[PDB]
Amino acid sequence: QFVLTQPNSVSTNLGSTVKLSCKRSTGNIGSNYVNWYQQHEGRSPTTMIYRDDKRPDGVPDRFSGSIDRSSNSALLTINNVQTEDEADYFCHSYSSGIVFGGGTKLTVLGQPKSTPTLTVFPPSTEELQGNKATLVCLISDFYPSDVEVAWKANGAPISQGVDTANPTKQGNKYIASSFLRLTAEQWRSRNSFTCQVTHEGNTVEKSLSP
Amino acid sequence: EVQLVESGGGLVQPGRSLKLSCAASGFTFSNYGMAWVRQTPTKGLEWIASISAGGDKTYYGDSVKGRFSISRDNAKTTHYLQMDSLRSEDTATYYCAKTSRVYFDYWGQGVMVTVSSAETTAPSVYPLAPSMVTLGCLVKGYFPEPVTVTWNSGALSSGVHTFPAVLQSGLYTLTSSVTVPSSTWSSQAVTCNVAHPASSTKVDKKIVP
């Protein structure tokens with residue numbers, strides 16, 4: 001019936017205040033209640049605010065809802081922002097149908113930089129029985145998320161056969177993984193293989209040998 | 001307290017149908033409307049369908065286009081989303097939700113629906129072996145998502161990282177790892193337990209040095 005527009009992402013510091021906006025395109029924002037949901041990555045949504053400004057039992061009073069007539073918008077204010085508030089926040093209203101905003105991803109800054117840890121694994125004897133070999137590189141414990149992953153074979157770059165996942169948050173840090181697919185004959189025949197990650201101007205690497 | 005338990009999703013071919021179920025408890029079911037809402041990483045939450053408390057009024061989102069039907073069975077405290085004429089764009093996580101007049105007060109855990117011409121493929125599972133030691137399990141070449149991985153049937157809970165999968169040539173691959181003290185591996189076996197529901201696969205692998 002109308003759209004609800006939210007900023008795609010907001011960043012803020014620990015203990016700061018943020019105001020997350022939700023603008024109705026057509027019709028007056030006050031003509032139908034606005035509700036707000038929090039969703040942590042990989043989890044179901046939970047209600048933070050309903051009926052414009054009401055809090056479910058259990059939601060901190062750091063959270064509060066309001067309606068701004070002049071900008072035709074609803075606002076979720078979060079005071080004294082905490083690390084656990086990092087989440088996607090969705091607004092919701094209705095008229096002749098139910099409308100959701102696109103969600104605002106809130107990030108809470110302040111966590112210190114952390115360099116990646118690598119773990120590498122050779123092909124299993126069971127996989128080699130099948131004439132296949134998958135080299136595994138696990139990348140963990142790093143912040144911020146931006147990383148480049150690359151492989152090397154007897155010291156030289158190897159790009160064919162590489163599959164790398166984008167980083168994802170786990171707890172307060174990120175993880176990612178990368179796989180190098182080789183012929184079992186390709187694995188047995190080399191002297192070594194290497195996974196190298198570049199993060200914040202640093203390289204971290206580990207090698208595998210048959 | 002309120003419980004909403006979804007079932008009935010998984011893989012389906014284009015043009016075919018699926019029926020999702022939400023079994024509810026913890027409130028007087030017949031006093032409240034119920035709803036379905038879906039999510040895609042690209043398009044956020046999208047309302048799909050609602051049904052009145054009494055069951056005799058239904059409402060549908062724009063993307064349904066006369067293809068889905070929502071129903072409820074108050075005697076079984078369950079409601080249902082019958083999804084017909086399915087298309088690739090219907091691949092999503094589907095949540096059921098309870099209403100409280102004007103908002104959704106509780107949401108289910110969500111079930112994945114994948115609309116694809118590809119058949120189910122069960123994973124191959126391979127142990128990964130090299131103070132502390134990190135062991136792993138490679139879950140190779142499966143379709144569709146999800147899989148789950150635990151360690152010693154849940155007895156090993158801290159130190160577990162299960163890594164988001166890569167997708168190549170139509171199949172998913174992931175790794176899970178567990179970090180334990182050296183003494184654990186020398187004192188008892190360490191086993192990964194992999195499940196792939198879409199293929200009714202359940203596999204236990206001991207980690208051998």
# chains A, B, ... in the order shown; residues from 1 in each chain; ligands from 1
$ residues_around --residues "segment 47-51 of chain A" --least-positions-apart "5" --cutoff "12 Å" --atoms "only C-alpha atoms" --output "PDB file with N, CA and C atoms, in the first residue's frame"
ATOM      1  N   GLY A  30       0.914   8.623  11.344  1.00  0.00           N
ATOM      2  CA  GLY A  30       0.073   8.455  12.530  1.00  0.00           C
ATOM      3  C   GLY A  30      -1.254   7.730  12.301  1.00  0.00           C
ATOM      4  N   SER A  31      -1.594   7.426  11.024  1.00  0.00           N
ATOM      5  CA  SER A  31      -2.909   6.832  10.718  1.00  0.00           C
ATOM      6  C   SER A  31      -2.961   5.342  11.082  1.00  0.00           C
ATOM      7  N   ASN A  32      -1.764   4.669  11.234  1.00  0.00           N
ATOM      8  CA  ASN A  32      -1.713   3.234  11.593  1.00  0.00           C
ATOM      9  C   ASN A  32      -0.500   3.035  12.491  1.00  0.00           C
ATOM     10  N   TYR A  33      -0.646   2.191  13.526  1.00  0.00           N
ATOM     11  CA  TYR A  33       0.489   1.932  14.448  1.00  0.00           C
ATOM     12  C   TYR A  33       1.743   1.497  13.730  1.00  0.00           C
ATOM     13  N   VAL A  34       2.882   1.869  14.344  1.00  0.00           N
ATOM     14  CA  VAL A  34       4.195   1.409  13.894  1.00  0.00           C
ATOM     15  C   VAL A  34       4.797   0.535  14.981  1.00  0.00           C
ATOM     16  N   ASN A  35       5.371  -0.587  14.559  1.00  0.00           N
ATOM     17  CA  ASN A  35       6.031  -1.536  15.463  1.00  0.00           C
ATOM     18  C   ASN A  35       7.471  -1.723  15.024  1.00  0.00           C
ATOM     19  N   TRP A  36       8.307  -2.158  15.968  1.00  0.00           N
ATOM     20  CA  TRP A  36       9.735  -2.356  15.691  1.00  0.00           C
ATOM     21  C   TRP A  36      10.200  -3.731  16.146  1.00  0.00           C
ATOM     22  N   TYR A  37      10.956  -4.444  15.302  1.00  0.00           N
ATOM     23  CA  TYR A  37      11.537  -5.756  15.639  1.00  0.00           C
ATOM     24  C   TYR A  37      13.063  -5.741  15.535  1.00  0.00           C
ATOM     25  N   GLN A  38      13.717  -6.458  16.445  1.00  0.00           N
ATOM     26  CA  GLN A  38      15.166  -6.675  16.403  1.00  0.00           C
ATOM     27  C   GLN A  38      15.406  -8.063  15.850  1.00  0.00           C
ATOM     28  N   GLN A  39      16.371  -8.203  14.946  1.00  0.00           N
ATOM     29  CA  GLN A  39      16.776  -9.546  14.517  1.00  0.00           C
ATOM     30  C   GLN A  39      18.295  -9.694  14.526  1.00  0.00           C
ATOM     31  N   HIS A  40      18.782 -10.606  15.376  1.00  0.00           N
ATOM     32  CA  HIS A  40      20.192 -10.979  15.405  1.00  0.00           C
ATOM     33  C   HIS A  40      20.444 -11.925  14.247  1.00  0.00           C
ATOM     34  N   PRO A  56       7.488  -4.381  25.241  1.00  0.00           N
ATOM     35  CA  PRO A  56       7.231  -5.669  25.907  1.00  0.00           C
ATOM     36  C   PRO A  56       8.012  -5.804  27.196  1.00  0.00           C
ATOM     37  N   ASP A  57       7.469  -6.592  28.113  1.00  0.00           N
ATOM     38  CA  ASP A  57       8.210  -6.877  29.329  1.00  0.00           C
ATOM     39  C   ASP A  57       9.484  -7.603  28.944  1.00  0.00           C
ATOM     40  N   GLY A  58      10.595  -7.154  29.513  1.00  0.00           N
ATOM     41  CA  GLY A  58      11.902  -7.699  29.221  1.00  0.00           C
ATOM     42  C   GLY A  58      12.772  -6.829  28.342  1.00  0.00           C
ATOM     43  N   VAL A  59      12.192  -5.922  27.573  1.00  0.00           N
ATOM     44  CA  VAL A  59      13.010  -5.078  26.712  1.00  0.00           C
ATOM     45  C   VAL A  59      13.576  -3.945  27.553  1.00  0.00           C
ATOM     46  N   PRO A  60      14.876  -3.646  27.458  1.00  0.00           N
ATOM     47  CA  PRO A  60      15.435  -2.542  28.238  1.00  0.00           C
ATOM     48  C   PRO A  60      14.773  -1.205  27.950  1.00  0.00           C
ATOM     49  N   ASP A  61      14.733  -0.351  28.991  1.00  0.00           N
ATOM     50  CA  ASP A  61      14.186   0.982  28.788  1.00  0.00           C
ATOM     51  C   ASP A  61      15.151   1.908  28.061  1.00  0.00           C
ATOM     52  N   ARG A  62      16.343   1.439  27.723  1.00  0.00           N
ATOM     53  CA  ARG A  62      17.170   2.142  26.756  1.00  0.00           C
ATOM     54  C   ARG A  62      16.473   2.280  25.406  1.00  0.00           C
ATOM     55  N   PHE A  63      15.460   1.454  25.133  1.00  0.00           N
ATOM     56  CA  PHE A  63      14.756   1.454  23.852  1.00  0.00           C
ATOM     57  C   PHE A  63      13.464   2.267  23.959  1.00  0.00           C
ATOM     58  N   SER A  64      13.221   3.177  23.008  1.00  0.00           N
ATOM     59  CA  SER A  64      11.949   3.908  23.083  1.00  0.00           C
ATOM     60  C   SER A  64      11.495   4.293  21.662  1.00  0.00           C
ATOM     61  N   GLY A  65      10.178   4.378  21.476  1.00  0.00           N
ATOM     62  CA  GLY A  65       9.597   4.619  20.150  1.00  0.00           C
ATOM     63  C   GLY A  65       8.901   5.971  20.140  1.00  0.00           C
ATOM     64  N   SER A  66       8.895   6.632  18.981  1.00  0.00           N
ATOM     65  CA  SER A  66       8.130   7.870  18.856  1.00  0.00           C
ATOM     66  C   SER A  66       7.690   8.048  17.400  1.00  0.00           C
ATOM     67  N   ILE A  67       6.817   9.050  17.194  1.00  0.00           N
ATOM     68  CA  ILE A  67       6.289   9.415  15.875  1.00  0.00           C
ATOM     69  C   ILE A  67       6.591  10.879  15.611  1.00  0.00           C
ATOM     70  N   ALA A  74       8.469   7.289  11.782  1.00  0.00           N
ATOM     71  CA  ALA A  74       8.662   6.731  13.114  1.00  0.00           C
ATOM     72  C   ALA A  74      10.153   6.640  13.436  1.00  0.00           C
ATOM     73  N   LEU A  75      10.460   6.720  14.735  1.00  0.00           N
ATOM     74  CA  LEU A  75      11.825   6.720  15.264  1.00  0.00           C
ATOM     75  C   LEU A  75      11.955   5.685  16.374  1.00  0.00           C
ATOM     76  N   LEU A  76      12.973   4.830  16.268  1.00  0.00           N
ATOM     77  CA  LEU A  76      13.434   4.009  17.388  1.00  0.00           C
ATOM     78  C   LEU A  76      14.712   4.643  17.956  1.00  0.00           C
ATOM     79  N   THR A  77      14.651   5.133  19.205  1.00  0.00           N
ATOM     80  CA  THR A  77      15.807   5.713  19.869  1.00  0.00           C
ATOM     81  C   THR A  77      16.422   4.643  20.770  1.00  0.00           C
ATOM     82  N   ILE A  78      17.739   4.448  20.664  1.00  0.00           N
ATOM     83  CA  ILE A  78      18.473   3.573  21.562  1.00  0.00           C
ATOM     84  C   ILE A  78      19.479   4.446  22.282  1.00  0.00           C
ATOM     85  N   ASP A  85      23.377  -4.715  21.233  1.00  0.00           N
ATOM     86  CA  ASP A  85      22.374  -4.083  20.374  1.00  0.00           C
ATOM     87  C   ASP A  85      22.716  -4.198  18.893  1.00  0.00           C
ATOM     88  N   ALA A  87      22.518  -5.518  15.531  1.00  0.00           N
ATOM     89  CA  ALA A  87      21.383  -6.287  15.055  1.00  0.00           C
ATOM     90  C   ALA A  87      20.788  -5.530  13.857  1.00  0.00           C
ATOM     91  N   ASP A  88      19.881  -6.174  13.138  1.00  0.00           N
ATOM     92  CA  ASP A  88      19.043  -5.530  12.123  1.00  0.00           C
ATOM     93  C   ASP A  88      17.699  -5.152  12.759  1.00  0.00           C
ATOM     94  N   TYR A  89      17.256  -3.892  12.586  1.00  0.00           N
ATOM     95  CA  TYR A  89      16.008  -3.405  13.161  1.00  0.00           C
ATOM     96  C   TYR A  89      15.027  -3.113  12.039  1.00  0.00           C
ATOM     97  N   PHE A  90      13.868  -3.733  12.109  1.00  0.00           N
ATOM     98  CA  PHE A  90      12.807  -3.600  11.101  1.00  0.00           C
ATOM     99  C   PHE A  90      11.615  -2.839  11.665  1.00  0.00           C
ATOM    100  N   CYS A  91      11.140  -1.811  10.945  1.00  0.00           N
ATOM    101  CA  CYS A  91       9.853  -1.240  11.304  1.00  0.00           C
ATOM    102  C   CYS A  91       8.724  -1.888  10.472  1.00  0.00           C
ATOM    103  N   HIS A  92       7.492  -1.743  10.990  1.00  0.00           N
ATOM    104  CA  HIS A  92       6.294  -2.449  10.469  1.00  0.00           C
ATOM    105  C   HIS A  92       5.062  -1.578  10.653  1.00  0.00           C
ATOM    106  N   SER A  93       4.270  -1.380   9.596  1.00  0.00           N
ATOM    107  CA  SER A  93       2.957  -0.806   9.793  1.00  0.00           C
ATOM    108  C   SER A  93       2.008  -1.475   8.785  1.00  0.00           C
ATOM    109  N   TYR A  94       0.837  -0.846   8.557  1.00  0.00           N
ATOM    110  CA  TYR A  94      -0.209  -1.535   7.750  1.00  0.00           C
ATOM    111  C   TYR A  94      -1.263  -0.495   7.329  1.00  0.00           C
TER     112      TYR A  94
ATOM    113  N   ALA B  97       4.056 -16.340  12.517  1.00  0.00           N
ATOM    114  CA  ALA B  97       4.018 -15.309  13.558  1.00  0.00           C
ATOM    115  C   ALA B  97       2.635 -15.281  14.193  1.00  0.00           C
ATOM    116  N   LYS B  98       2.580 -15.075  15.510  1.00  0.00           N
ATOM    117  CA  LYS B  98       1.324 -14.824  16.194  1.00  0.00           C
ATOM    118  C   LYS B  98       1.039 -13.331  16.132  1.00  0.00           C
ATOM    119  N   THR B  99      -0.230 -12.942  16.021  1.00  0.00           N
ATOM    120  CA  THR B  99      -0.535 -11.530  16.118  1.00  0.00           C
ATOM    121  C   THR B  99      -1.142 -11.193  17.457  1.00  0.00           C
ATOM    122  N   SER B 100      -0.976  -9.940  17.847  1.00  0.00           N
ATOM    123  CA  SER B 100      -1.721  -9.375  18.953  1.00  0.00           C
ATOM    124  C   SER B 100      -2.384  -8.090  18.436  1.00  0.00           C
ATOM    125  N   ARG B 101      -3.448  -8.245  17.649  1.00  0.00           N
ATOM    126  CA  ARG B 101      -4.263  -7.146  17.111  1.00  0.00           C
ATOM    127  C   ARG B 101      -3.561  -6.352  16.014  1.00  0.00           C
ATOM    128  N   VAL B 102      -2.407  -5.755  16.324  1.00  0.00           N
ATOM    129  CA  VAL B 102      -1.792  -4.796  15.395  1.00  0.00           C
ATOM    130  C   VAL B 102      -0.298  -5.037  15.231  1.00  0.00           C
ATOM    131  N   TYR B 103       0.263  -6.040  15.915  1.00  0.00           N
ATOM    132  CA  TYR B 103       1.694  -6.365  15.760  1.00  0.00           C
ATOM    133  C   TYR B 103       1.906  -7.865  15.903  1.00  0.00           C
ATOM    134  N   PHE B 104       3.112  -8.316  15.572  1.00  0.00           N
ATOM    135  CA  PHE B 104       3.475  -9.735  15.699  1.00  0.00           C
ATOM    136  C   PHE B 104       4.202  -9.898  17.025  1.00  0.00           C
ATOM    137  N   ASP B 105       3.553 -10.541  18.033  1.00  0.00           N
ATOM    138  CA  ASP B 105       4.216 -10.582  19.353  1.00  0.00           C
ATOM    139  C   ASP B 105       5.204 -11.741  19.479  1.00  0.00           C
ATOM    140  N   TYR B 106       5.074 -12.806  18.682  1.00  0.00           N
ATOM    141  CA  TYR B 106       6.003 -13.914  18.765  1.00  0.00           C
ATOM    142  C   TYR B 106       6.218 -14.467  17.380  1.00  0.00           C
ATOM    143  N   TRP B 107       7.453 -14.898  17.088  1.00  0.00           N
ATOM    144  CA  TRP B 107       7.827 -15.457  15.791  1.00  0.00           C
ATOM    145  C   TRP B 107       8.359 -16.876  15.980  1.00  0.00           C
TER     146      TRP B 107
END
$ select_by_dssp --residues "chain B" --states "strand (DSSP E or B)" --output "ChimeraX atom specification"
/B:3-7,10-12,18-25,34-40,44-51,58-60,68-73,78-83,92-99,104-107,111-115,121,124-128,132-143,148-151,160-162,166-168,171-181,191-196,201-206
$ residues_around --residues "residue 125 of chain A" --least-positions-apart "2" --cutoff "12 Å" --atoms "only C-alpha atoms" --output "PyMOL selection string"
(chain A and resi 121-123+127-134+184+187-188+210) or (chain B and resi 125-129+207-209)
$ write_last_selection --atoms "C-alpha atoms" --output "mmCIF file, in the first residue's frame"
data_model
loop_
_atom_site.group_PDB
_atom_site.id
_atom_site.type_symbol
_atom_site.label_atom_id
_atom_site.label_comp_id
_atom_site.auth_asym_id
_atom_site.auth_seq_id
_atom_site.Cartn_x
_atom_site.Cartn_y
_atom_site.Cartn_z
ATOM 1 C CA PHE A 121 43.984 -29.255 7.027
ATOM 2 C CA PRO A 122 45.265 -31.725 4.404
ATOM 3 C CA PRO A 123 43.017 -34.122 2.475
ATOM 4 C CA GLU A 127 38.883 -38.591 0.421
ATOM 5 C CA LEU A 128 42.136 -39.552 -1.299
ATOM 6 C CA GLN A 129 40.791 -43.117 -1.711
ATOM 7 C CA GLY A 130 38.239 -41.466 -3.994
ATOM 8 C CA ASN A 131 40.991 -39.794 -6.077
ATOM 9 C CA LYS A 132 40.028 -36.322 -4.799
ATOM 10 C CA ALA A 133 41.797 -33.912 -2.447
ATOM 11 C CA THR A 134 40.341 -30.838 -0.746
ATOM 12 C CA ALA A 184 44.762 -36.489 -5.647
ATOM 13 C CA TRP A 187 48.373 -33.221 -4.043
ATOM 14 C CA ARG A 188 50.683 -36.211 -3.751
ATOM 15 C CA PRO A 210 52.183 -34.467 1.551
ATOM 16 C CA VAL B 125 31.805 -36.388 5.414
ATOM 17 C CA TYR B 126 35.589 -36.501 5.996
ATOM 18 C CA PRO B 127 37.505 -36.174 9.290
ATOM 19 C CA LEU B 128 40.120 -33.429 9.529
ATOM 20 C CA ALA B 129 43.152 -34.000 11.750
ATOM 21 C CA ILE B 207 38.746 -38.052 14.214
ATOM 22 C CA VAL B 208 41.833 -40.255 13.622
ATOM 23 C CA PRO B 209 45.334 -38.645 13.812
#
$ interface_residues --of "chain A" --to "chain B" --cutoff "6 Å" --atoms "only C-alpha atoms" --output "PyMOL selection string"
chain A and resi 44+102+165
$ residues_around --residues "segment 138-145 of chain A" --least-positions-apart "3" --cutoff "7 Å" --atoms "only C-alpha atoms" --output "number ranges by chain"
A: 113-120, 167, 173-178
$ closest_residue --among "B:5, B:64, B:115, B:139" --to "residue 80 of chain B" --atoms "only C-alpha atoms"
B:5
$ closest_residue --among "B:28, B:157, B:77, B:152" --to "residue 188 of chain B" --atoms "only C-alpha atoms"
B:152
$ select_by_dssp --residues "segment 99-149 of chain A" --states "helix (DSSP H, G or I)" --output "MDAnalysis selection string"
chainID A and resid 125:129
$ residues_around --residues "residue 76 of chain B" --least-positions-apart "4" --cutoff "9 Å" --atoms "only C-alpha atoms" --output "PyMOL selection string"
chain B and resi 23-24+72
$ write_last_selection --atoms "C-alpha atoms" --output "PDB file, in the first residue's frame"
ATOM      1  CA  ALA B  23       2.086 -25.881  15.601  1.00  0.00           C
ATOM      2  CA  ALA B  24       1.348 -23.452  18.431  1.00  0.00           C
ATOM      3  CA  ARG B  72      -6.003 -23.021  10.379  1.00  0.00           C
TER       4      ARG B  72
END
$ atom_distance --atom1 "atom CA of residue 179 of chain B" --atom2 "atom CA of residue 158 of chain B"
7.9 Å
$ atom_distance --atom1 "atom CA of residue 14 of chain A" --atom2 "atom CA of residue 172 of chain A"
13.5 Å
$ residues_around --residues "segment 67-69 of chain B" --least-positions-apart "3" --cutoff "7 Å" --atoms "only C-alpha atoms" --output "PyMOL selection string"
chain B and resi 64+81-85
